[PDB]
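Engineer: below is the sequence, then the experimental coordinates.
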Amino acid sequence: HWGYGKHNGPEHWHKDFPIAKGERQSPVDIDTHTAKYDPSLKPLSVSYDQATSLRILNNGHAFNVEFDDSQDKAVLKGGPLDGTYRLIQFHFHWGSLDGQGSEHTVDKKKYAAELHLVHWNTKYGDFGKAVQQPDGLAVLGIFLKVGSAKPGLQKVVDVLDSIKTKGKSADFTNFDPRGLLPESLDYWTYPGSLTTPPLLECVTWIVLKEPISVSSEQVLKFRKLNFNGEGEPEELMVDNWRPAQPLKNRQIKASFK
Ligand SMILES: O=C(O)Cc1cccc([N+](=O)[O-])c1
Ligand SMILES: [Zn+2]
């Protein structure tokens, strides 16, 4: 099955998921000089005061912080979006070293990591139906750089030892994702895809300009996770990022001057 190795990594995904070579794949390089300011874009509205995290999961590709999405409790609206998108999970992508890890790039710059907060459009009723629609998901992407620790991340880091290997989960209640957000909500937006199989072209991407800072110690704990299951040969969970894909016939829009 797909993964991030030599034999099963991004460069192979098209054989099982031919949409990998589609017209609206993600991530992309954001060329800041050609992304045009769009005065018609709105401020993003991130409303996470009632978010209810439940659990953290090592799915063998990353770890997922999961939310109860059975009511409108944590929603993303505004920005480029029409309607209301409910938070279902967040996860990260990261590198073996601080010089790579992000999926999106900014003028070819790679960040150490990228956080994806995934939301589904309530007009389609459930996540599985939303991913079948071109406006089904809104993913908020946030870059991570290594410097100061992010106090709001530490709860996540400290639970990772309990989900070392693929298929492990653990209770993870009361975690507040507001602690992961940067000060500014300035963003770039473009139409794209999931960045893991099945690579469905269902996402409005909203990539924040301002990275968050995490400490080296924090990211080092991400790199102690395993892609393998309990008791199998250890292969560290690192470099679980898809590289930038062709922009094709897309425009990247900026919310800011
Ligand atoms: O399980 C998966 O890898 C598919 C999936 C599910 C939810 C979000 C995703 N994304 O690219 O942001 C991808
Ligand atoms: Zn992702």
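Structural biologist: Good, I have the coordinates. Numbering: from 1, shown residues only. Ligands and ions are numbered 1, 2, ... in the order given.

Engineer: only C-alpha atoms from now on, for both contacts and neighbour counts.
Structural biologist: Will do.

Engineer: starting at the chain centroid, how far to stretch 127-143?
Structural biologist: Remark: stretch 127-143 is offset 11 Å from the chain centroid, using CA atoms, centre = their mean, to the nearest Å.

Engineer: which parts of it are buried?
Structural biologist: 127, 130-131, 135-143 (16 or more other CA atoms under 10 Å).

Engineer: try stretch 215-222
Structural biologist: Across stretch 215-222, burial judged by 16+ other CA under 10 Å covers 215-216, 218-219, 222.

Engineer: state the pair within those that is farthest apart.
Structural biologist: Within those, 215 and 222 form the most distant pair, 11.3 Å apart (CA to CA).

Engineer: right, and ligand 1 sits closest to which residue of the stretch 51-200 of the chain?
Structural biologist: The minimum distance from the stretch 51-200 of the chain to ligand 1, using CA to the nearest ligand atom, falls at residue 194 (3.3 Å).

Engineer: verify the stated contact: that residue with residue 202.
Structural biologist: Yes - counting by CA atoms under 8 Å, residue 194 does reach residue 202; the two are 7.1 Å apart.

Engineer: residues of the protein that sit close to ligand 1?
Structural biologist: Listed as neighbours of ligand 1 in the chain under the rule CA under 6 Å from any ligand atom: 118, 194-197.

Engineer: where does the residue of the stretch 51-200 of the chain closest to ligand 1 land in three-state SS?
Structural biologist: Applying DSSP: H, G, I helix; E, B strand; the rest coil to residue 194 yields a three-state assignment of coil.

Engineer: quick one: it from residue 248, how far?
Structural biologist: 16 Å (CA to CA, to the nearest Å).

Engineer: these two: which is more packed in?
Structural biologist: Just comparing residue 194 and residue 248: by other CA atoms under 10 Å the higher neighbour count belongs to residue 194, 22 against 10.

Engineer: could I get the contacting residues of the more buried one?
Structural biologist: Neighbouring residues of residue 194 by CA atoms under 8 Å, 6 or more residues apart in numbering: 25-26, 200-203.

Engineer: what residues does the residue lying closest to residue 175 once chain neighbours are set aside make contact with?
Structural biologist: Once flanking residues are discounted, residue 175 sits nearest to residue 53: 5.7 Å by CA to CA, 6 or more residues apart in numbering. Residues in contact with residue 53 (CA under 8 Å, 6+ apart) are 65-68, 172-176.

Engineer: correct me, but residue 230 touches residue 166?
Structural biologist: Yes - between residue 230 and residue 166 there is a contact under CA under 8 Å: 7.1 Å.

Engineer: how far does the strand or helix carrying residue 158 sit from its chain's centre?
Structural biologist: If you go by DSSP states H and E, residue 158 is part of helix 154-159. Distance of helix 154-159 from the chain centroid (CA atoms, centre = their mean) equals 18 Å.

Engineer: run a quick neighbour tally on the residue nearest to residue 96 when sequence neighbours are not counted.
Structural biologist: Excluding its sequence neighbours, the residue lying closest to residue 96 (CA to CA, 6+ apart) is residue 238, at 5.0 Å. For residue 238, the count of nearby residues is 21 (other CA under 10 Å).

Engineer: how near is residue 238 to residue 108?
Structural biologist: Distance from residue 238 to residue 108, counting by CA to CA: 20 Å.

Engineer: on that earlier part again, tell me the one of the residues of the chain next to ligand 1 nearest residue 43?
Structural biologist: Residue 43 lies nearest to residue 118 out of the residues of the chain next to ligand 1, by CA to CA, at 18.2 Å.
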